[PDB]
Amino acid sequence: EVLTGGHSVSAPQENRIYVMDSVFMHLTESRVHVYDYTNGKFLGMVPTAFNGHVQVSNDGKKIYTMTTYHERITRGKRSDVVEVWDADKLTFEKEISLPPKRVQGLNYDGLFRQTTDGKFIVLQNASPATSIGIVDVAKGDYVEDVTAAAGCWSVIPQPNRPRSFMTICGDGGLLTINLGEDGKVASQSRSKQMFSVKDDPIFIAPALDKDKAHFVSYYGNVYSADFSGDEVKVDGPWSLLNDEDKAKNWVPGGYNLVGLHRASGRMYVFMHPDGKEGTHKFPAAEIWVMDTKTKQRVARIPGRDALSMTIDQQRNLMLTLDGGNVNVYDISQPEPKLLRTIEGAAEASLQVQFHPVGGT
């Protein structure tokens, strides 16, 4: 026999999920674990150094990572980068230099995203002053720094426009940025106030539809942003809670804690009882399934102490993640059905993502 390299991942792209393992206990050796969700098989991994972030290109061909190096790890010159990796060979292809202020923090989706057309990577900076950075994928270059987003946080792409995204700002409204084909800001707009920052703060994680986004609050309310037009229209609150729910102090909790099934308008939310100040990152006692049209709950199921989730629209799936284990659910009907659990997919992960199949 002869040992060979150069091999591709053994399962088709449509089977693949990406578990971002922060390895917080040894955060300089964070990595992405690649799994087959259909059978739980480990397929490969991508090393991501100190506190890596990850996403897959919208066309499915590449994996993008974002990380920080230093010449001698704990001393020497800092290099913040985006890396482009081949999705099938899981090999490094190119490094894109960033200014030394890419966000270092837990793996919320909105810290490292891309435009709908896949031509620009859109990432959060903190120095600790905040701005949004734009990377031109074709050119392999950092091309724009959106300082207009100072005092805002996270990136919510608009799926109905090629190069537009929103961010949540300290005034309780949303700033929308429309990039030109060169990756520079072509226009921008600010919504009216959506939520009271002091009285009803929202979780940053969107339940994202094609032309609107919903957000849940620390106290179990829902706010919506409609971007069917150039100007974003905001509304809410409506409450996730009925009177019985309120009596037991049910509130949302988690990190990447919501999801939307676009075909039905069902929104999924991690919830727990006995809510009070300080419980907003508690593991799910339950997943609630909300009809966003009628603004009423339709189902509730055990939460399996999950903290983060993600949705695949075309196969009608939801993954949930408790830090170490990934649960696979069929959401083709209003009540989710648990298909399997992948044990030990990570040591410290708060983010899982499907390989894209929808193209650009």
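Each residue number is its position in the shown sequence, starting from 1.
Asker: If you take the mean CA temperature factor per stretch, which one wins between 228-236 and 145-153?
Answerer: According to the entry, 228-236 carries the higher average C-alpha B-factor.
Asker: Name the higher of the two by mean Cα B-factor in the PDB entry, 88-96 versus 187-195.
Answerer: It is 187-195.
Asker: Say you rank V289, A207, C169, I134 by Cα B-factor from the PDB entry; which sits at the top?
Answerer: Among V289, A207, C169, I134, the highest C-alpha B-factor in the entry belongs to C169.
Asker: At the C-alpha atoms, which of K62, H26, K293, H33 reaches the highest B-factor in this entry?
Answerer: In this record, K293 carries the highest C-alpha B-factor of the candidates.
Asker: Determine, from the deposited record, the chain-internal third of the Cα B-factor for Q124: lowest, middle or highest.
Answerer: It belongs to the lowest third of the chain when residues are ordered by C-alpha B-factor.
Asker: Based on the deposited C-alpha B factors for this chain, I'd like to know if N256 is in the lowest, middle or highest third.
Answerer: Lowest third - that is where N256 ends up once the chain's C-alpha B-factors are sorted.
Asker: Using the B-factors in the PDB entry, rank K246's C-alpha atom against the chain and give the third, lowest, middle or highest.
Answerer: Top third by C-alpha B-factor.
Asker: C-alpha B factor of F282, ranked within the chain: lowest, middle or highest third?
Answerer: It falls in the middle third of the chain.
Asker: Comparing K212 with the other modelled residues of its chain, is its CA B-factor in the lowest, middle or highest third?
Answerer: For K212, whose C-alpha B-factor we compare with every modelled residue in the chain, the answer is the highest third.
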